[PDB]
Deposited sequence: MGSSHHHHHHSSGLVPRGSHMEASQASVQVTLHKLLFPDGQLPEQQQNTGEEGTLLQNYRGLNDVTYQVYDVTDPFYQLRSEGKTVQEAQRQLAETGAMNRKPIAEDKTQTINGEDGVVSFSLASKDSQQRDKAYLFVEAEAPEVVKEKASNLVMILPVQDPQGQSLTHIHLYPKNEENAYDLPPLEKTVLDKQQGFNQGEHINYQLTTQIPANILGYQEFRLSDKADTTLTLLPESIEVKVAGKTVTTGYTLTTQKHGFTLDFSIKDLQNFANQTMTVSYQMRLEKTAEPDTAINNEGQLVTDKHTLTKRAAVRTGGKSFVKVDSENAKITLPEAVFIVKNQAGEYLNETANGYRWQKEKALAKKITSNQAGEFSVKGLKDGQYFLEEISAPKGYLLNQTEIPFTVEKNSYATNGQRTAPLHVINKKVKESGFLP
């Protein structure tokens, strides 16, 4: 003749166990309980004059010492209830005496700060009306460690020189999967960027500890951002580990130099929304074509191409700029009616103008003209930075000889 004893292990947040004083607990798996038969010491104490309660409290303290447990099992999910473990136990002994059992929480997950007290059960267990129960339900209560809300970092890789229009910019969102992640009901990472950044959808990789995360999320992408929705149950595998989301965005040709181009990362849980900003920039340089004798004389129709230190030529593609070796594919910049022209959408560096076509009445000089792109070489908060003078030498004493 047996009793079934079911333990429903509960976990409460730090400082929130009911003794410490709604819907703020969860079942906890992987808690090992041992059961000890304490029938003998129970009846000894009773014969010695101790009350039932007195003996039970003593047994709770000393009953496991020098006694091998008669059963051992772990809590697990049973019928969609987490933290369950059940034991089938004899009601009576050889002498026909109602038995007594001690339940000890032997080992428990890292999240537990304080284990449940030992439970001593003296059979028969009765309802308030004195009817013996065959199925007995206990609710041992664990206290959880204090844990922070998960952090967020948005990071742009190698961003100190800015970026060329067209360049594939590498980003990372980093967070820490908390130890108490099973306590959460929602975990979402998202990126949203200015319209001057276009997301490369196939670039999105989720890694934990350097290994790719295969499943456990949904992904939704737009032109300028995305959303990762994570299964809470599947995050448990990554508890206490760093998760890194890698992706790329292309900087578009609409990207103005010396403007903050913004993105915003977001971590959304049921508890809080955390937001992190990052920014990238591109660079430019303004020029004015002038006469070598009178700088107030500005010259239209001067035509230039742009070279880098390797001698490669700036080419314009559909989606940005590229450094290539064919001079025929070089983008052509032409001085306008006020002699003005600019180069926009370059990362910091040393570049050169090469004149390919001179204004009417001026000498062609093909000598490379050095210029520097750096923060604020184009503008400062909307205000344009003064143009570099490019001097042209007039055809010398023209109209004197045929």
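Query raised in the report: Missing C-alpha stretches, by deposited numbering?
Result: According to the record, the gaps fall at 1-25, 47-55.
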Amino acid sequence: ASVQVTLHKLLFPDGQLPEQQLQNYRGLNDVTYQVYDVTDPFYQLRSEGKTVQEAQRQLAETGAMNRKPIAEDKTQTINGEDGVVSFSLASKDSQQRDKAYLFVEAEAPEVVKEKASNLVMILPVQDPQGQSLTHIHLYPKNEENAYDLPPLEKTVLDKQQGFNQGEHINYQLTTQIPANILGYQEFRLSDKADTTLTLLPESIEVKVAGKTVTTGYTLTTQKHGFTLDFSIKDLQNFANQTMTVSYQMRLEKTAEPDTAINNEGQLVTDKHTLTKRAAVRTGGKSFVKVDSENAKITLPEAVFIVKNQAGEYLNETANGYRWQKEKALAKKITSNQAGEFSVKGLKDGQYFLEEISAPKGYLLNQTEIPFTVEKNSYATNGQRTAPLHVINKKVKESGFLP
From here on, numbers count along this sequence of modelled residues.
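Report task. Decide which of the stretches 327-335 and 164-172 has the higher mean C-alpha B-factor, going by the entry. Result -> The deposited B-factors put 327-335 ahead on the C-alpha mean.
Query raised in the report: Once you work out the mean C-alpha B-factor for both 290-298 and 129-137 from the entry, which is higher?
Result: Of 290-298 and 129-137, the stretch with the higher C-alpha B-factor average is 129-137.
Requested in this report: Tell me which of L157, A278, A318, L189 tops the list for C-alpha B factor in the record.
Outcome: Of the options given, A318 has the highest CA B-factor in the PDB entry.
Query - Top residue by Cα temperature factor, when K74, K223, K99, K115 are compared in the entry - result: Highest C-alpha B-factor among the listed options: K74.
Query raised in the report: By its CA B factor, does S47 count among the lowest, middle or highest third of the modelled residues in the chain?
Result: It falls in the bottom third of the chain.
Query raised in the report: Among the modelled residues of its chain, does the C-alpha B-factor of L59 lie in the lowest, middle or highest third?
Result: Answer is lowest: the recorded C-alpha B-factor places it there.
Query - Ranked C-alpha temperature factor of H272 among modelled chain residues, by third - result: It belongs to the highest third of the chain when residues are ordered by C-alpha B-factor.
Requested in this report: Would you mind ranking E312 by its C-alpha B-factor against the rest of the chain and naming the third, lowest, middle or highest?
Outcome: It falls in the top third of the chain.
Requested in this report: Rank-wise, by C-alpha B-factor, drop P370 into the lowest, middle or highest third of its chain.
Outcome: Lowest third - that is where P370 ends up once the chain's C-alpha B-factors are sorted.
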